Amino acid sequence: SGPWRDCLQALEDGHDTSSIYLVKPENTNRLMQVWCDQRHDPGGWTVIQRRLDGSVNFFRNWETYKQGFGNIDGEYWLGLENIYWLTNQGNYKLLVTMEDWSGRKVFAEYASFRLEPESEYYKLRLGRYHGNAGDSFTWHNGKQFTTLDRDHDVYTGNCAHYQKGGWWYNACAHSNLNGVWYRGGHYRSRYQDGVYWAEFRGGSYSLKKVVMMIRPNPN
């Protein structure tokens, strides 16, 4: 309590309880609330996205993805502008944790994760992968962000109209973590628009719980 540059700075001053914290990145006056996961190894994780229970609508427009939406103690998207300022104050790694409907938990980690500015459509910059979920994000490396009202992908249509999220769509997605949460995992739709990570359970399986979290990775 009392704004922190990120969840790691809060942890370093003794707040090791996972909860809601106030964050203000360096070199900005941008204040935000975040959920800090201070338990997952090694602590200091700032949650930028979380799916858990289908309570929040992720089929949203650009301004909503820019500013952030959802419930900070539940499902939410932190906001492209907030994520930009966070990821540009140092080198941050990205950890994606995922759980299927049978209790299996896997992860994908990227040693660097940065977004370009809104002037560059929040283009994704991703570093090297390790994990046991398989790498379904690197296909999206270098792609701009796309929403239902702003097409910036390399598909001749708008991928958000089909995959139903806001995402760094290519043509269209190997991961669709801002897609439609389907109870029970297995689903069938005209288009694969679920919360999927293709290398783990494929495009027709919606993951029960997903977290995208970031933390300084200084080297």
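A residue's number is simply how far along the shown sequence it sits, counting from 1.
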Mind pulling up the entry and telling me whether 27-35 or 157-165 has the higher mean Cα temperature factor? 27-35
On average, are the C-alpha B-factors higher in 170-178 or in 183-191? 183-191
Taking the entry's C-alpha B-factors for this chain, is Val96 in the lowest, middle or highest third? lowest
What third of its chain's C-alpha B-factors does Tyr196 belong to: lowest, middle or highest? lowest
Compare the C-alpha B factor of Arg50 with those of the other modelled residues in its chain, then answer lowest, middle or highest third. lowest
Going by the recorded CA B-factors, say which third of the chain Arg104 sits in, lowest, middle or highest. middle
Classify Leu148 as lowest, middle or highest third according to the C-alpha B-factor given in the PDB entry, relative to its own chain. highest
